[PDB]
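Chains as they are written, first to last, in UniProt numbering: chain A, 764 to 812; chain B, 910 to 1006; chain C, 958 to 1006; chain D, 327 to 375; chain E, 1104 to 1175, 1183 to 1224; chain F, 1055 to 1151; chain G, 813 to 860.
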Ligand SMILES: *[C@@H]1O[C@H](CO)[C@@H](O[C@@H]2O[C@H](CO)[C@@H](O[C@@H]3O[C@H](CO)[C@@H](O)[C@H](O[C@H]4O[C@H](CO)[C@@H](O)[C@H](O)[C@@H]4O)[C@@H]3O)[C@H](O)[C@H]2NC(C)=O)[C@H](O)[C@H]1NC(C)=O
Ligand SMILES: *[C@@H]1O[C@H](CO)[C@@H](O)[C@H](O)[C@H]1NC(C)=O
Ligand SMILES: *[C@@H]1O[C@H](CO)[C@@H](O)[C@H](O)[C@H]1NC(C)=O
């Protein structure tokens, strides 16, 4: 199990902020199907040849 | 082994039927402790994740403090939330209780 | 298209200019974006490259 | 078949592709569209033994 | 409509991280999305305030806008990137006073200098 | 096999085969349907964690009923169990605005 | 386990191969579904 960064709470009127000091860009790739191949069948031929 | 040593728990035992009928139930991708680890760490993130702009920073603020911001953001004024903090906590506790 | 209120108008602004507004809108201040414009473009280019 | 049972109109289902379409829907009235019908069969022009 | 024609604020809907821009090209049986996200790194822990009040004028209080008030006395940082800058009227809003706001009596930021 | 010879034996076995092949096809078809259904549903859970648990939602009726304040998630036997805490108004009065 | 039945079962083509492959694919889909879901519930940062 990959543990998240642990950030403790303060027993005060303040809070602990975990804030980035660096960054990168990344690309999440996603494929969304929209169609399927359209097929028809010559049923009579398929069955009885 | 359990289905050989003890046998079927009852009539129509679909677990012992596995080794008779010829089918097998497979275990899940994650065990119980790992699944619990995910929802546990999720719980600990609620107060400090839902708070401000961006998904990149974390504000480790008290749960109670988060709730009062959640309530203020839906139309309950701060004067009301301040006066009724114990009433709000009690009503919340009743809802979960 | 992604820039302001309404879906009816179109602001033909540079792509780069749009990105800096997209970044400002998620919590990166304008002083940072101004200082790091070339760094940002480079990191973006690495992500797509 | 008319109400009085006589046959006044008919389709020869094997005459052409449009006739095949009407027969597959059992109707003289079919919708507009592009429909697959039976393939044009190749026939033997001889035999080998 | 959500990721390509707009910047999304929905976590995890487009890509991972914070969504910036998406592109679409055709794929063999559909569409291929390329979601460019902002991914933070090297997080540090700092001490922050919920807001700041003028100690001499307790009803005059400010809160950060899309960022945080951090110690360094107080400065502002954008929420997604640590880069302390002066607290100004452009990065704050006036708010009702709260028991969790700090009482500032010395080097007050401009919004509190009544 | 014990009772019949091949010309009749085949016919009787063939009845059992066709029956069992039908059963297995039906089983597989339902597992594929149930699997697809669950997969879609897993996406929905993903959206609710991101929308209701990690954030306060402004979408009426998406999380729970009433005005969403906070949600919690625990594991359930075949999925996730969401507990959406909402704000429910009562004793409305009419005022002039 | 009856050899006589298996002989007749072969006349139905690769029936069992299709059953096994279909269920295998469905079972992989379930693992991908879980892996994907939990990857998203997972927090980057959290308090103890
Ligand atoms: C920055 O300055 C502010 C302003 O002085 C300061 O916040 C105030 O703190 C006092 C406590 O020191 C709050 O006063 C009371 O605190 C007790 C805590 O137990 C409450 O129970 C009291 O509530 C009752 O009395 C109220 C009327 O006075 C009723 O309205 C209420 O229903 C209860 O009967 C009361 O809250 C004071 O309210 C806050 N001020 C505000 C605006 O909230 C703050 O602490 C200073 N910052 C720091 C870091 O010290
Ligand atoms: C410290 O935590 C305890 C609870 O463990 C609480 O009663 C006490 O008031 C806290 N101290 C401060 C300064 O908040
Ligand atoms: C940011 O991280 C990259 C690696 O991803 C590193 O090369 C770069 O030097 C880092 N910048 C800072 C300021 O740490």
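Cβ coordinates follow ideal geometry from the N, Cα and C atoms, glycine included.
Residue 997 of chain C and residue 978 of chain C have their C-alpha atoms roughly 13 angstroms apart. In summary, the residues of the segment 348-369 of chain D whose CB is separated from some CB of chain A by less than 9 angstroms are 361, 362, 363, 364, 365 and 367, in the order they occur in the chain.
Residue nearest to residue 1119 of chain F within the set F:1102, F:1134, F:1141 and F:1128 is F:1141 (criterion: CA-CA distance). Note on the segment 1088-1146 of chain F: whole beta strand (DSSP E) runs with a minimum of 3 residues are 1121-1130 and 1133-1141, in chain order. Under the criterion of beta carbons closer than 8 angstroms, residue 784 of chain A and residue 1201 of chain E do not qualify as touching, at roughly 19 angstroms. Against chain E, the beta carbon of residue 858 of chain G has no neighbour under 7 angstroms; the closest one sits roughly 12 angstroms away. Any Cβ of chain E closer than 8 angstroms to the Cβ of residue 1102 of chain F would place that residue at the interface, and such an atom is absent. Excluding five sequence positions before and after residue 1066 of chain F, the CB atoms of its chain that fall closer than 7 angstroms to its own CB belong to 1058, given in chain order. Bounds of any beta strand (DSSP E) do not take in residue 922 of chain B, whose DSSP letter is neither H nor E. Shortest Cα-Cα distance from residue 1193 of chain E to any of E:1139, E:1163, E:1207 and E:1147 involves E:1147. For a cut-off of 8 angstroms, the C-beta gap from residue 954 of chain B to residue 852 of chain G is around 13 angstroms, too long to register as a contact.
CA-to-CA, the gap between residue 340 of chain D and residue 330 of chain D works out to about 27 angstroms. Collapsing the DSSP output to three states places residue 339 of chain D in coil. As the crow flies, the alpha-carbon of residue 964 of chain B is around 6 angstroms from that of residue 1121 of chain E.
Cβ contact annotation for residue 1138 of chain E (same chain, cutoff 7 angstroms, sequence separation greater than five): 1106, 1117, 1118, 1122 and 1125, in chain order. Residue state for residue 845 of chain G is assigned as helix, using DSSP reduced to three classes. The closest CA to that of residue 1203 of chain E, considering only E:1191, E:1216, E:1190 and E:1186, is found on E:1186.
By the criterion of a C-beta distance shorter than 8 angstroms, residue 1110 of chain E is surrounded in its chain by 1122, 1123 and 1124, once the five residues flanking it on both sides are discounted. With the rule of 3 Cβ pairs closer than 8 angstroms, the segment 830-838 of chain G does not count as touching the segment 924-937 of chain B.
Remark: the C-beta of residue 1145 of chain E is in contact range of ligand 3, defined as less than 7 angstroms to any heavy atom.
Secondary structure of residue 1072 of chain F (DSSP, three-state): helix. The three-state secondary structure of residue 1079 of chain F, taken from DSSP, is helix. For residue 782 of chain A, the enclosing beta strand (DSSP E) covers residues 778-796. By the neighbour-count definition (other C-beta atoms within 10 Å, threshold 16), residue 1108 of chain F is a buried residue. Contact residues of the segment 783-805 of chain A toward chain C are 786, 787, 788, 789 and 790 (C-beta to C-beta distance below 9 angstroms). In the DSSP annotation of this structure, the continuous segment of the beta strand (DSSP E) that includes residue 1212 of chain E starts and ends at 1212-1214. Taking the Cα positions, residue 1128 of chain E is about 15 angstroms away from residue 798 of chain A. Residue nearest to residue 940 of chain B within the set F:1077, F:1131 and F:1086 is F:1131 (criterion: CA-CA distance). For ligand 2, a non-hydrogen atom lies closer than 7 angstroms to the CB of residue 774 of chain A. The nearest non-hydrogen atom of ligand 1 is less than 7 angstroms from the C-beta of residue 1211 of chain E. Taking all protein chains in view, the Cβ of residue 988 of chain B is surrounded by fewer than 16 other Cβ atoms within 10 Å, so the residue is classified as exposed. Here the alpha carbon of residue 1000 of chain C sits roughly 22 angstroms from the alpha carbon of residue 1135 of chain E. No residue range can be given for residue 928 of chain B, since it is assigned to no beta strand (DSSP E) and is classified by DSSP as neither H nor E. Taken in chain order, the whole beta strand (DSSP E) runs of length 3 or more contained in the segment 925-978 of chain B are 967-969. Our two residues, residue 1219 of chain E and residue 974 of chain C, have alpha carbons roughly 31 angstroms apart in a direct line.
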